[PDB]
Amino acid sequence: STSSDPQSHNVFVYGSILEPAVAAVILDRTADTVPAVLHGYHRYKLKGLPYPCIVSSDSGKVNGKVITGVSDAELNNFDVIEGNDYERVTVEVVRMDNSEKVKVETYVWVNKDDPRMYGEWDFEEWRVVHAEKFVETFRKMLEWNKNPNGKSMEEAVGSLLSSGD
């Protein structure tokens, strides 16, 4: 039947599932991410490729979050969905949340052969861009949740009664 088994997985994610909506649509339910930093990998921006990547056993570190409490069934969805040119590797990260070191899985880029875009982009730009996106989203969702026009769920939807004339 549908039941999760023991052996919980931890997977370091960058970008994709750092939000509840995505975790809920990927698995079924919201998975808990914990802030952690992956020392030993370096994050690149990759303008042109689908939001990649981390490659090279670099002396730098990547700060992101680890998706914890992932069942082997749940974990598989990350590999199947969006992990198209990505491969699972085991990396060890520091759970920033408690400053402890934990061994996790992550997705690296299979085209890792050649270090592409080895120069790391502006963190500040990343900070502002992700912020604007979340900030707009919360403000605008609040406007809707506030109901400015007194717009109700059934009102907003153009439902049909099927009038017979």
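Residues numbered from 1 in each chain as written, not as in the entry; some residues may be left out. Heavy atoms only, no water.

Method of determination, as annotated in the archive: solution NMR.

Enquirer: Hey, could you go over unusual backbone geometry for me, with residue numbers and the actual values?
Expert: In this chain, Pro-52 is followed by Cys-53 through a cis amide linkage whose omega measures 0 degrees. Along the chain, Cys-53 turns up in the loop between β3 (42–43) and β4 (54–55). Positioned with a positive phi, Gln-7 is a non-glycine residue whose angle comes to about 70 degrees. Its location among the elements puts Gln-7 in the segment before β1 (9–13). Under the relative-accessibility criterion, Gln-7 is labelled exposed at 61%. Its identity is not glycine, yet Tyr-51 carries a phi of approximately 35 degrees, on the positive side. Structurally, the position occupied by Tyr-51 is in the loop between β3 and β4. (Helix = DSSP H or I, 4+ residues; strand = E, 2+ residues; numbered from the N terminus. Buried < 20%, exposed > 50% of the residue type's maximum accessible area, 1.4 Å probe, protein only.)

Enquirer: Can you tell me about the UniProt feature "binding site: substrate" in the chain, naming the residues and giving the values?
Expert: Mapped onto this structure's residue numbering, the UniProt feature "binding site: substrate" falls at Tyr-14, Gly-15, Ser-16, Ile-17, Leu-18 and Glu-19. Within this annotated set, the largest pocket is lined by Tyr-14, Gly-15, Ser-16, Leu-18 and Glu-19. On the secondary structure map, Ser-16 appears in the loop between β1 and α1 (20–26). Once residues lying within four places of it in the same chain are set aside, the contact partners of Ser-16 are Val-22 and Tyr-51. (UniProt positions renumbered as here; feature names shortened; annotations may be inferred. 1 Å grid on protein atoms, 1.4 Å probe; cavity = no way out; pocket = protein on both sides within 12 Å on 5 of 7 lines; lining within 4 Å. Contact = heavy atoms within 4.5 Å.)

Enquirer: Lay out the packing of aromatic side chains with the relevant residues and their values.
Expert: Evaluated as defined, the whole model comprises 3 aromatic pairs. The interplanar angle of 70 degrees and the centroid separation of 4.8 Å between the aromatic rings of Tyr-86 and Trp-109 together place this pair among those described as edge-to-face. One end of the pair, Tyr-86, is in strand β6 (residues 86–95); the other, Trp-109, is in strand β7 (residues 100–109), with 23 residues separating them in the sequence. Of the two residues examined, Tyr-86 and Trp-109, each falls in the buried class. Both rings, one in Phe-134 and one in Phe-138, keep their centres 6.4 Å apart while their planes meet at 35 degrees; by these two values the pair is tilted. Residue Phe-134 and its partner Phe-138 are located together in helix α3 (residues 123–146), separated by 4 residues, close to a single helical turn. Sitting over the ring of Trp-126, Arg-43 keeps its end group 5.4 Å from the ring centre. (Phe/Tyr/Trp six-rings, centres within 6.5 Å; stacked < 30°, edge-to-face > 60°. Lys NZ or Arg CZ within 6 Å of the ring centre and 35° of its normal.)

Enquirer: Which residues make up the domain arrangement of the chain, and what values go with them?
Expert: What the domain assignment reports for the chain is domain 1 (1–115) and domain 2 (116–165). On a C-alpha basis, the centres of domain 1 and domain 2 stand 26 Å from each other. Listed as interface residues are 11 residues of domain 1 and, on the opposing side, 9 residues of domain 2. Interface area, domain 1 with domain 2, both sides summed: about 1100 Å², of which 55% is carbon and sulfur. At the surface where domain 1 touches domain 2, the tally comes to 2 salt bridges. The partner of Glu-120 in a salt bridge is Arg-43, with the nearest N and O atoms 2.7 Å apart. Joining domain 1 to domain 2, the criterion identifies 5 residue pairs in polar contact. (Domains from an automatic or database assignment. Buried area = accessible area lost by both parts, 1.4 Å probe. Salt bridge = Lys/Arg side-chain N within 4 Å of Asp/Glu carboxyl O. Polar contact = N/O pair within 3.5 Å; in protein donor to acceptor, adjacent residues only side chain to side chain.)

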